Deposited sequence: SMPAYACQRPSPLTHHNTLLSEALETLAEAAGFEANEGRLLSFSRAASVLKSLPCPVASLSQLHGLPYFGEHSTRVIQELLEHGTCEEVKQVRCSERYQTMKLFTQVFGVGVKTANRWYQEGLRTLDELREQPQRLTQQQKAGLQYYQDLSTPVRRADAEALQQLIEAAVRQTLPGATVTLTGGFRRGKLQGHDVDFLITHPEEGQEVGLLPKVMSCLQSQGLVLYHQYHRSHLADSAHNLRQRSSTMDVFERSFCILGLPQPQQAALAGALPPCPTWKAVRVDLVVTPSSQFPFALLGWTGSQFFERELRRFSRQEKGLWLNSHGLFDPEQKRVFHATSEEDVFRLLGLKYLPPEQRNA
């Protein structure tokens, strides 16, 4: 009795197989660095299964029946169960390649491809990357420029303060608008790499053109250090940026502002609350098991044999016939 999709089972903040799941997630990460999203995904699913188990895996046989556990995931677990360590995992963690790809990929703007190219070229440090400025995307120039701040875990108190500045901004334009903290904090975490906010208003349309003015406002306060505006397919609805959060005298924080109509707020909240892996299993389950496709705006039937609406996340869970799981249980 272990549902296959992570959106069918609870995934709490703290569980009973930390050592084991971290081992699998390291392989998932390593595969990622080797550009194998297939293997990364499979390891990630096994790790997710472990986070869900009601108690620690004492015997290698408690694995029997558990989905997503092939020969490879199985050998790794077994090895940690007897000797309390896995060689494949330790060699990965100690290897020069894994350690560098990790360091490079935590720089905002740097992904696996860029990281690999730089690695193959013999580059090994952030300072080596800074010496070649006329090569870096603006996203990366920013990541390197505020590297220290962006690496410092964000605290709930930083999230609070930002919510104060955002709500004040929104208040200068749209009275009665609501700003909701999403992302990991909504899931109960104490830290994050950034802060996510979802804005909306009860009256449809009363929120159009909101973001630009909110940004213009933050801009006048001279807090915007970087930004990128998005528009769903001025007049943009999403803002991915870095703000100078005063308190050093200030600290740079990544912030993502999302403006959504209240008709589709339940889908916006659902997508932006995560976890990341939770979204994937959710959307995958929507398709592979329900012929429908889910996104940040709504649920859709390729064939207009049915249309969808929702008032809360609970509604969206009904439409997919999934037992509800509050934010805190989506840490997949």
Could you spell out the stretches of the deposited sequence that were left without C-alpha coordinates, going in sequence order?
234-248, 263-275
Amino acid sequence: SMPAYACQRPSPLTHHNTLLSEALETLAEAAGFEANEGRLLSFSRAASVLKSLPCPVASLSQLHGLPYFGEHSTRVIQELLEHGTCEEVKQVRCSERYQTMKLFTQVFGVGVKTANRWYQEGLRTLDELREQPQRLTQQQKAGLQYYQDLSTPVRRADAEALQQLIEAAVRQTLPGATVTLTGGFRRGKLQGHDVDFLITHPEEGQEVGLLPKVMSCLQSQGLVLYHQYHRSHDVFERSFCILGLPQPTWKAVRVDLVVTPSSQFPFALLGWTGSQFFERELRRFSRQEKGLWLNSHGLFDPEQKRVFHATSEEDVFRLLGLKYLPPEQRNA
From here on, numbers count along this sequence of modelled residues.
The stretch whose C-alpha atoms carry the larger average B-factor in the entry, 88-96 or 129-137, is 129-137
Please compare 153-161 with 214-222 and name the stretch with the higher mean C-alpha B-factor in the deposited structure.
214-222
Return the residue from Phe185, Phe108, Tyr229, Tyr146 that has the highest Cα B-factor in the entry.
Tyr229
Would you mind finding, among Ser286, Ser44, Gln276, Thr26, the residue with the largest C-alpha temperature factor in the entry?
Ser286
Of the three thirds of its chain by CA temperature factor, lowest, middle or highest, which one includes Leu19?
middle
For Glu167, the third of its chain by CA B-factor is the middle
With respect to C-alpha B-factor, does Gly271 fall in the lowest, middle or highest third of the chain as deposited?
lowest
On the chain's distribution of Cα B-factors, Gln206 falls within the third called highest
Chain thirds of CA B-factor: placement of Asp194:
lowest
